[PDB]
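A short worksheet on the structure shown next.
Protein chains in written order, with full-length UniProt numbering: chain A, 428 to 498; chain B, 458 to 891; chain C, 73 to 356.
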């Protein structure tokens with residue numbers, strides 16, 4: 428179950444790159460019921476680092492940019 | 458006696474009790490020869506007193522460092538028995554006398570090796586290094602007797618273990634490389650014969666090699682040696698393999714680590730690790746993924762503690778140093794592997810994710826940028842690392858690798874052209890330069 | 073000498089004798105451990121436990137006192153038993169005609185390996201494989217006239233299976249389990265002439281379970297669905313009137329399924345490159 432929970436999160440994380448073009452991290456927290464943000468951001472940055480999505484989740488303001496195309 | 462008793466029987470512990478009486482007899486004979494002896498008899502007793510002291514970790518000197526004298530009053534009688542001359546000061550006095558009075562290059566050579574071993578055993582790396590370098594024994598030891606070569610090999614392992622205890626993973630790897638890559642470490646350290654070489658030797662040579670074995674209480678565990686070597690290789694080779702995954706010129710640092718990793722990757726079923734080698738291979742897979750917490754649980758479990766880490770006189774200092782080195786180099790493998798996905802990262806989230814101090818994180822990232830290892834800029838007011846989106850695509854990487862290979866093919870075509878133009882070179886160089 | 077005179081004559085004697093032999097040796101090792109593990113083990117750590125005078129110095133490359141002196145008074149029994157089991161049925165009955173007892177011997181060996189040293193597994197397993205090869209690829213003696221005798225066949229099969237499976241998935245072994253699976257596959261290949269009896273479902277489920285973690289819940293979930301399908305055939309033939317069962321089945325299925333949507337091929341992305349795909353095909 429815990430991996431399959433993360434797999435459902437992984438499913439959600441892929442979609443919202445097409446639903447949104449940017450999103451504030453504070454909005455992004457409330458969208459997703461989960462144990463902790465400090466945990467989950469790293470699991471997104473992990474997925475992002477393993478090239479499953481492109482995000483600028485780490486950023487000075489602490490806000491995320493999916494981007495229309497960019498490259 | 459201590460070569461012919463079994464190492465795992467209770468009788469070994471019984472015959473080791475007599476070692477205290479041997480040490481006391483040698484002290485009685487030392488004091489007697491300091492008053493009446495010739496300088497050549499004194500230098501020989503000093504070597505025998507050194508020989509039973511250089512391998513013993515001074516728990517009394519360490520206990521005297523663990524209790525600073527804050528405030529309880531007892532007895533001037535308990536002070537006179539505490540004036541026991543430190544094993545280190547005794548070692549330094551006896552060794553300096555040998556260096557200044559010895560007419561034989563043998564006793565001097567054994568004394569400097571025991572002195573270096575005793576500094577290395579007590580974490581005193583700089584003193585042990587500077588004595589080893591000053592000796593120039595690296596060139597000369599090939600012509601010394603095999604028991605002195607066994608002492609030198611044991612002192613070189615102890616220097617590598619001392620460098621490792623000081624977090625000097627590179628110098629630890631270098632000192633242990635030739636000994637472990639030989640596949641003959643047990644013989645080079647005088648700890649036994651390898652059963653696979655029993656088929657190729659004369660029984661008379663075997664009977665002389667058995668007499669050259671050191672007693673078991675002078676052994677350095679080969680599993681501890683191989684664990685320290687493989688962990689030192691892991692911390693050097695994984696950051697290098699992550700940064701240079703894209704390069705065609707893969708410079709393997711450790712051929713033995715690369716062999717062990719390829720053996721673990723060839724097992725179709727990888728169970729939970731049981732062997733010390735499987736634990737370091739499992740940790741190496743976790744460390745390539747940048748997860749320091751599974752790396753830590755494979756290196757610091759109860760099985761590896763009782764097998765490797767509890768064999769150290771300072772287990773918790775080497776544990777905390779090794780945790781910090783796993784965090785420091787896993788932050789680097791994580792940055793090398795995931796740079797391609799990040800546009801900006803804060804140093805605050807890297808401090809929280811790796812449980813590392815912000816000045817250390819800043820110093821590592823600053824050094825990767827200065828080494829051209831990371832294509833990033835550091836914003837000082839926000840404490841963010843902003844990546845430069847200049848990373849080559851898999852097609853750009855294949856073009857870069859092809860450009861390096863074309864440069865190597867030009868360099869080799871130029872070499873072949875010079876060898877062709879050199880003719881055929883035999884008939885046109887004999888009439889200009891008297 | 074005994075098997076000879078008791079050859080094409082009476083086996084009942086050999087059964088009683090060799091069972092009574094291994095039973096006498098088992099009790100000598102039982103006594104030998106307790107002896108060393110109650111009297112001598114308490115003699116060891118007996119009294120205090122501080123300062124050994126020479127116990128702390130060897131603490132840089134040693135173990136506990138119980139293993140240090142249990143080796144003096146138990147290792148004998150264990151060693152003896154192991155050797156006997158190896159040379160006993162093995163070096164005296166690596167085949168022959170009938171007479172199972174072999175199953176019991178195998179079980180005993182497995183138990184021993186589990187308890188005492190584990191290395192024995194490698195030796196025992198090796199011997200077993202060699203024997204299976206000699207026959208399967210031997211066929212040259214008044215031995216078992218293979219053909220349609222699934223009795224002994226199925227027997228030995230299931231036996232080794234359960235023994236191998238648990239064995240490996242017990243002492244944290246894995247290569248042993250792999251070898252066992254390979255052997256079972258080979259048997260199926262050379263033993264696919266018959267339709268298919270029970271136990272099948274049993275083994276299937278067992279394996280899928282033992283897998284689950286090690287491998288990804290992908291192949292594991294696949295094996296789970298395979299066992300689920302087996303429950304259908306076995307049902308039409310097994311007949312299981314239980315809803316809870318179906319529920320559990322569906323649950324296991326789901327999980328093993330939703331778990332991983334992609335694999336992180338780091339090793340591959342690094343080296344080029346397998347030498348790491350055909351093996352997956354083999355697992356499939």
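The beta carbon of each residue, even a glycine, is placed where N, CA and C say it ideally should be.
Can you have a look at residue 479 of chain B and say buried or exposed, based on whether 16 or more other CB atoms are within 10 angstroms of its CB?
-> Start at 1 with the first residue of the second chain, and residue 479 of chain B comes out as number 22. Under this definition residue 479 of chain B is an exposed residue.
Local conformation of residue 332 of chain C per DSSP, three classes = Residue mapping note: residue 332 of chain C aligns to position 260 of the third chain, counting from 1. Three-state DSSP puts residue 332 of chain C in coil, outside helix and strand.
At least one CB of chain C closer than 9 Å to the CB of residue 544 of chain B: is that the case?
-> Locating residue 544 of chain B in the second chain gives position 87, where the first residue counts as 1. So, not an interface residue.
Among C:290, C:304, C:309 and C:308, which residue has its Cα nearest to the Cα of residue 327 of chain C?
-> Residue numbering aside, residue 327 of chain C sits at position 255 when the third chain is read from its first letter. Looking at the Cα atoms, C:290 is the closest of the given residues.
Minimum Cβ-Cβ distance from residue 496 of chain A to chain C less than 9 Å = One-based indexing of the first chain puts residue 496 of chain A at position 69. Residue 496 of chain A does not count as touching chain C.
CB of residue 171 of chain C within 9 Å of CB of residue 87 of chain C, strictly | Working through the third chain from its first residue, we reach residue 171 of chain C at position 99. Working through the third chain from its first residue, we reach residue 87 of chain C at position 15. Yes. Within cutoff.
Measure the alpha-carbon distance for residue 716 of chain B versus residue 708 of chain B and round it to whole angstroms.
-> In the second chain, counting from the first residue as 1, residue 716 of chain B sits at position 259. In the second chain, counting from the first residue as 1, residue 708 of chain B sits at position 251. Spanning the two alpha carbons is a distance of roughly 14 Å.
Where residue 832 of chain B and residue 595 of chain B are concerned, what is the direct C-alpha to C-alpha distance, given to the nearest angstrom?
-> Working through the second chain from its first residue, we reach residue 832 of chain B at position 375. Working through the second chain from its first residue, we reach residue 595 of chain B at position 138. Between residue 832 of chain B and residue 595 of chain B, the C-alpha separation is close to 41 Å.
Go ahead and pull the three-state DSSP assignment for residue 451 of chain A.
-> Taking the first chain and counting its residues from 1, one reaches residue 451 of chain A at position 24. Correct three-state label for residue 451 of chain A: strand.
Label residue 429 of chain B either buried or exposed according to how many other C-beta atoms from any shown protein chain fall within 10 Å of its C-beta, with 16 as the threshold for buried.
-> Nothing can be reported for residue 429 of chain B: it is not among the residues displayed for chain B, which extend from 458 to 891.
Should residue 802 of chain B be flagged as near chain A, meaning a C-beta pair shorter than 9 Å?
-> The sequence position of residue 802 of chain B within the second chain is 345, counting from 1. Taking Cβ atoms only, chain A reaches closer than 9 Å to residue 802 of chain B, which makes this a yes.
The beta strand (DSSP E) enclosing residue 833 of chain B, as first and last residue numbers = One-based indexing of the second chain puts residue 833 of chain B at position 376. Unbroken beta strand (DSSP E) run through residue 833 of chain B: 833 to 836.
For residue 339 of chain C and residue 528 of chain B, the rounded distance between their alpha carbons = One-based indexing of the second chain puts residue 528 of chain B at position 71. One-based indexing of the third chain puts residue 339 of chain C at position 267. Their backbone Cα atoms lie some 59 Å apart in a straight line.
Residue interval of the alpha helix (DSSP H) (run including residue 147 of chain C) = Locating residue 147 of chain C in the third chain gives position 75, where the first residue counts as 1. First-last of the alpha helix (DSSP H) with residue 147 of chain C: 147 to 157.
Identity of the residues DSSP links to residue 492 of chain A by a beta bridge = The residue labelled residue 492 of chain A in the question sits at position 65 within the first chain. Its beta-bridge partners are A:449.
Hey, does residue 327 of chain C have any beta-carbon neighbour from chain A nearer than 9 Å?
-> The residue you call residue 327 of chain C lines up with position 255 of the third chain. Yes, contact with chain A.
Is the segment 645 to 659 of chain B in contact with the segment 687 to 705 of chain B, if contact means three or more CB pairs nearer than 8 Å?
-> no
With C-beta atoms as the reference, is residue 669 of chain B less than 9 Å away from residue 647 of chain B?
-> As a position in the second chain, residue 669 of chain B is number 212, starting the count at 1. As a position in the second chain, residue 647 of chain B is number 190, starting the count at 1. Contact: yes.
Per-residue contacts from residue 481 of chain A into chain B (C-beta, under 8 Å) = Residue 481 of chain A sits at position 54 when you count from the first residue of the first chain. Those are 798, listed as they occur along chain B.
Spell out the partners DSSP gives residue 843 of chain B in its beta bridges.
-> Here the question's residue 843 of chain B lines up with position 386 in the second chain. DSSP lists B:801 and B:834 as partners of residue 843 of chain B.
Do residue 821 of chain B and residue 744 of chain B have their C-beta atoms closer together than 9 Å?
-> Reading the second chain from its first residue, position 364 is the one you call residue 821 of chain B. Reading the second chain from its first residue, position 287 is the one you call residue 744 of chain B. Taking 9 Å as the Cβ cut-off, residue 821 of chain B and residue 744 of chain B do not qualify as a contacting pair.
Which one of B:714, B:687, B:643 and B:797 has the shortest CA to CA distance from residue 851 of chain B?
-> Against the second chain, residue 851 of chain B aligns to sequence position 394. If we check each option's Cα against that of residue 851 of chain B, B:797 comes out closest.
What alpha helix (DSSP H) runs, 4 residues minimum, are completely inside the segment 88 to 134 of chain C?
-> 113 to 116
Step through the CB atoms of chain A and report whether any lies within less than 9 Å of the CB of residue 336 of chain C.
-> As a position in the third chain, residue 336 of chain C is number 264, starting the count at 1. It does: the Cβ of residue 336 of chain C has a partner Cβ on chain A nearer than 9 Å.
Where residue 542 of chain B sits in the DSSP three-state scheme = The count along the second chain starts at 1 and reaches residue 542 of chain B at position 85. Coil at residue 542 of chain B, not helix or strand.
Rounded to whole angstroms, what's the CA-CA distance from residue 254 of chain C to residue 682 of chain B? Just pull it up for me.
-> For this step, residue 254 of chain C is matched to residue 182 along the third chain. For this step, residue 682 of chain B is matched to residue 225 along the second chain. Near 36 Å, if we compare the C-alpha coordinates of residue 682 of chain B and residue 254 of chain C.
4-residue-minimum alpha helix (DSSP H) runs that sit fully inside the segment 583 to 639 of chain B, ordered along the chain = 594 to 597, 603 to 622 and 626 to 638
Among B:737, B:733, B:699 and B:477, the one whose alpha carbon lies nearest that of residue 830 of chain B = In the second chain, the residue the question calls residue 830 of chain B occupies position 373. When each option's Cα is compared against that of residue 830 of chain B, the closest is B:699.
Using a C-beta cutoff of 9 Å, does residue 751 of chain B count as contacting chain A?
-> Reading the second chain from its first residue, position 294 is the one you call residue 751 of chain B. Residue 751 of chain B does not count as touching chain A.
Leaving aside the five residues before and after residue 346 of chain C along the sequence, list all residues of the same chain whose C-beta is less than 8 Å from its C-beta, in chain order.
-> As a first step, residue 346 of chain C is located in the third chain; it is residue number 274 there, counting from the start. Within the same chain, residue 346 of chain C has close Cβ partners 340.
Residue burial classification, residue 108 of chain C (beta-carbon count within 10 angstroms, cutoff 16) | Working through the third chain from its first residue, we reach residue 108 of chain C at position 36. Result: buried.
Could you confirm whether any beta carbon from chain B is found closer than 9 Å to the beta carbon of residue 141 of chain C?
-> Residue 141 of chain C sits at position 69 when you count from the first residue of the third chain. Yes, its Cβ sits closer than 9 Å to a Cβ of chain B.
Give every residue of the same chain whose Cβ lies closer than 7 Å to the Cβ of residue 585 of chain B, excluding the five residues on either side of it in the sequence, and list them in chain order.
-> By 1-based counting over the second chain, the position of residue 585 of chain B is 128. Taken in chain order, the residues that qualify are 573, 576, 577, 616 and 619.
Please confirm if the segment 118 to 137 of chain C is in contact with the segment 462 to 475 of chain B, defined as three or more CB-CB distances below 8 Å between the two stretches.
-> yes
Alpha carbon to alpha carbon, how far is residue 559 of chain B from residue 706 of chain B?
-> Locating residue 559 of chain B in the second chain gives position 102, counting from the first residue. Locating residue 706 of chain B in the second chain gives position 249, counting from the first residue. Between residue 559 of chain B and residue 706 of chain B, the C-alpha separation is close to 52 Å.
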